[PDB]
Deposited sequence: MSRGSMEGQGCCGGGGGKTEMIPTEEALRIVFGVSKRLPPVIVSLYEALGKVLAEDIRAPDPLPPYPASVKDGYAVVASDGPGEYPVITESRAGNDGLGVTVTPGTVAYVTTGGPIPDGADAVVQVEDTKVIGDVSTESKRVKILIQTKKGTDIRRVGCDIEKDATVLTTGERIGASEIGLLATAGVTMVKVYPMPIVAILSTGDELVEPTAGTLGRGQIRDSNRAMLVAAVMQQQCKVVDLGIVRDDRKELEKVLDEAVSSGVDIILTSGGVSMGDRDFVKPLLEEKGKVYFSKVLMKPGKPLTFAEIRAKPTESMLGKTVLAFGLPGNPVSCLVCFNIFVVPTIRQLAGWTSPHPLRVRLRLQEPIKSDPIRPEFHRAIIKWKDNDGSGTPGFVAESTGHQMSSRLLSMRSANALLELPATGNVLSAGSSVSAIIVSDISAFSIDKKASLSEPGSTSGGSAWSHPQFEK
């Protein structure tokens, strides 16, 4: 039995970043960059107007002037020089014609004379300064500037920067492919209606398929496997040979006489641990299998108890997926929060207590902060204790009652940007 911090250190030490691949721009979203990106041209590549109005010679000052060209895009005004005593109409993003050194926004101007006559004239109502409302070449992005670097995760703004730079095929770290199976003679498919004696619906498999889909990985669903050593070996050898990077099993890892996951993983590879000092998730097995040519497969013999299964996925499998996906910060967000109710900590095993947390203007102490409500009874067989739980409170093994208003460390396990407000 090892502490969770040691089990996390071992998993991290064995887990290796996947070889990079080339993907399309839309396939690059969510992925970590495996190359630096440089701008091939400046942004803007031409002097551009910040406003809809008139490009002027600043030194001319307020007065009435003829409009000698109109510049909105492309070759508009090419070969036209705005000389002292003239102006050019411009729209935002329009190229500044040669000779103009400032832009006066349309609100500080007035058109003079009849619009029907070909010759347009405008009254500039202010005294402007050279450079006003013009984006010089390269002011937003300089040519050859690094706009994105290796190790940076691609979100919407990063896709926008790749498009700005003309990069539609991107070198990234891929997501791992994950195989998932359930174990047990007592299991039936979740499509089962009336259950026969001693049967339960397989809930862990669909739960883990959903959890892995939330981490943006491809899933290989290997179904229900019975408590038969040859059958489980065949399905594990099949998963190892299929090209997946991670295998997730649940159940068949406790002290039962037909719990074959641990001895099969010892036979096929290297088991680093099979027991962890934690509440819930004690029978967790982690192993490294080498697939014959030629790559490493990580195997997590997750516990059968639904709560223990999901907590072990959240604490150990999520950072492993991220490490394989090239994240430099794979660890989960940890915050500090105040308890909204008293919670009794366990006397021997530190607890990952499920909570529903929210940000409050007053956390109970006068200042703003996160607050936590327990999900109730914490039994490892009670999947209702994971319902709506967006955090795991880290309760040390003291045996004391932590009173309402006391502060604890909490691992956030679900999208902080999808947190329901107070």
Relative to the deposited sequence, which regions have no modelled C-alpha positions in the structure?
1 to 20, 314 to 318, 448 to 471
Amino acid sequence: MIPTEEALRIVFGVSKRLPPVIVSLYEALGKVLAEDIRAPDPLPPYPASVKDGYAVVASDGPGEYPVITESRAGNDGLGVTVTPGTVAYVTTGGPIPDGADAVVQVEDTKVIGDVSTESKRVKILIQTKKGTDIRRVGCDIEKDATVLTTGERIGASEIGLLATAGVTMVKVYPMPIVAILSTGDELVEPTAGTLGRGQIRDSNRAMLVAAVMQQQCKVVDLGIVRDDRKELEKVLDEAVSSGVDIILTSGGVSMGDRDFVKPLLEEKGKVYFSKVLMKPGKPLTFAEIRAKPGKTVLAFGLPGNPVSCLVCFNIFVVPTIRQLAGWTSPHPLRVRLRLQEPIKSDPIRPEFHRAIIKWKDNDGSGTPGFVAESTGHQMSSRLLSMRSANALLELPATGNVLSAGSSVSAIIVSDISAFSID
From here on, numbers count along this sequence of modelled residues.
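The term rigid core refers to the maximal set of C-alpha atoms that superpose within 1.5 Å between the two forms.
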Divergent stretch in 4 other deposited structures of this protein, 312 to 320 or 285 to 293 [C-alpha RMS, superposed by the core]:
285 to 293
Root mean square C-alpha distance from this form after a core fit in 4 other deposited structures of this protein: higher for 270 to 278 or for 68 to 76?
68 to 76
Determine if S116 is unmodelled in a third or more of the other PDB entries compared for this protein.
yes
Averaged over C-alpha atoms, is the B-factor higher for 269 to 277 or for 169 to 177 in this PDB entry?
269 to 277
Out of 340 to 348 and 297 to 305, which stretch has the higher average CA B-factor listed in the record?
340 to 348
Can you tell me which of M207, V115, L333, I224 has the maximum CA B-factor listed in the PDB entry?
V115
Per the entry's Cα B factor values, which of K130, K143, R135, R258 stands out as the maximum?
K130
Going by the CA temperature factor in the PDB record, which third of the chain does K262 belong to: lowest, middle or highest?
middle
Lowest, middle or highest third: where is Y26 by C-alpha B factor in its chain?
lowest
CA B-factor placement of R382, once the chain's modelled residues are sorted into thirds:
lowest
Taking the values exactly as deposited, rank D108 by C-alpha B-factor within its chain and report the matching third: lowest, middle or highest.
highest
Modelled-residue ranking by C-alpha temperature factor, third containing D228
middle
